[PDB]
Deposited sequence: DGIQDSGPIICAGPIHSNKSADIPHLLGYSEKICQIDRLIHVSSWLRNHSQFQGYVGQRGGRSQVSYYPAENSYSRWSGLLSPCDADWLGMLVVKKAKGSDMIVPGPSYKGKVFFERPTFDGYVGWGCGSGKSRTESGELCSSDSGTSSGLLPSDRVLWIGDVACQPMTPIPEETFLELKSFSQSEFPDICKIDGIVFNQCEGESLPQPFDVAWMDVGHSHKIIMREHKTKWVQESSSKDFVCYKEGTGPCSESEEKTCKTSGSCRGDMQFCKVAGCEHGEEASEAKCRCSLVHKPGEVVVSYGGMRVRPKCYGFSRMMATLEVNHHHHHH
């Protein structure tokens, strides 16, 4: 659980053979986590939204994805979910970029086939079609011979920001409004973030890069924070365990449901304590510091996503 992990949650990186292979829909939790390990979710996203053929993450899988900045805390725990991961699990949507979605400076974009960043009001992904990759500015997809196989290394995927996503405790609208107000009081000179009204202004400068801590608590936009405290609570509920049928791969949905509800399977010490125990299927803890709980503005919430990442902001003009 708490120990930092250098590797997949459950599944070793994919060795695909057929760029035209189907991406099956899998119902089981561990089946989905295996796909997350293999970057099959980012491959699916690229096929749906960019008319890309094949896969990203060939041989490398999720733990060889690129981050901006390279110094990244939450990737040291394989079990902490990124926005693309949370999207695959149905907790949020990484949307297709529109031209008005601002591409932040700083990442090294040249050659990427996919990148995403949190935005003030969501999560946006940028893709490229077959045989293409991003220019240095990230603005266009140009022709690239190195992508011909359609079985691309994980370095072709870029995730922007230090981000952890998790099941949240939903809050009332009135709690969100109070959090938003405290946020406005901490950044009173900020007008728009990623094109979204943050404070009312008359004049404002052009958008400039903006590095900020933030949390996603549902509702219409993120809460950006300067003074705030975070704490990690270790939890041991069923999302905290994955199940492997060793030899075959991840356990099936029905096998996993049985282990987690009926105490008739194998697992690590914590899984036997909470779920019960007796080849077979075995379930063990994923690696993370826990669930993040945020104190801000006199309140305390369990958000959907928390992190530090780069957005675009406009400042008020006198």
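Absence of C-alpha coordinates is noted for several segments of the deposited sequence, namely 279-285, 326-331.
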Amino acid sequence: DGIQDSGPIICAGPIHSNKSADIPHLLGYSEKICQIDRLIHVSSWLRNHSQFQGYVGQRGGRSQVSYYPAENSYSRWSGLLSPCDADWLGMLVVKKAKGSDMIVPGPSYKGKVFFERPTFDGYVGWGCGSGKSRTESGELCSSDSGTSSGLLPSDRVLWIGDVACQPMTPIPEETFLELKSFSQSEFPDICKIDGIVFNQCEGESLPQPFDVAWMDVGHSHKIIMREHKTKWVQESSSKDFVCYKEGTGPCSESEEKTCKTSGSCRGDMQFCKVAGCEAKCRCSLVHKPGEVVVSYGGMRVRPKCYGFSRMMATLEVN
From here on, numbers count along this sequence of modelled residues.
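For the pair 231-239 and 158-166, the record assigns the higher mean C-alpha temperature factor to 231-239.
The PDB entry reports B-factors from which the mean C-alpha value can be compared for 291-299 and 13-21; the larger average falls on 13-21. Among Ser100, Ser108, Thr119, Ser82, the highest C-alpha B-factor in the deposited entry belongs to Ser100. Set against one another, the Cα B-factors of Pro153, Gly90, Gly125, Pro172 in the record reach their highest point at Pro172.
Residue-level temperature factors show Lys180 in the middle third of its chain, judged at the C-alpha atom. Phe271: CA B factor lies in the highest third for its chain, per the PDB record. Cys34: CA B factor in the middle third of modelled residues in this chain (values from the PDB entry). In the deposited entry, the Cα temperature factor of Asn72 sits in the bottom third of values across the chain's modelled residues.
Among the modelled residues of its chain, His221 has a C-alpha B-factor that falls in the middle third, as given in the PDB entry.
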